[PDB]
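Okay, so here's the structure we're looking at.
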Amino acid sequence: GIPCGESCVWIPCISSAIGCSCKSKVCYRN
């Protein structure tokens with residue numbers, strides 16, 4: 001429920017194993 005820092009407009013933050021969810025083209029966590 002808190003922004004991670006990077007966006008996922010083009011590249012999703014999945015193949016990085018950061019543990020963030022792509023939402024509103026931006027990565028969020030907890």
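From the backbone N, Cα and C atoms, a Cβ is placed for every residue, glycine too.
Lifted from Swiss-Prot, the feature list:
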DISULFID  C4-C20  disulfide bond
DISULFID  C8-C22  disulfide bond
DISULFID  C13-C27  disulfide bond
Under 8 Å by Cβ from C4 (disulfide bond), same chain, sequence gap 6 or more: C13, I18, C20, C27, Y28, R29
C22 (disulfide bond): secondary structure state under DSSP, collapsed to three categories: strand
Residues satisfying Cβ distance under 8 Å from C8 (disulfide bond), sequence separation of at least 6: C20, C22, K25, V26, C27
Number of Cβ atoms other than its own within 10 Å, given for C27 (disulfide bond): 21
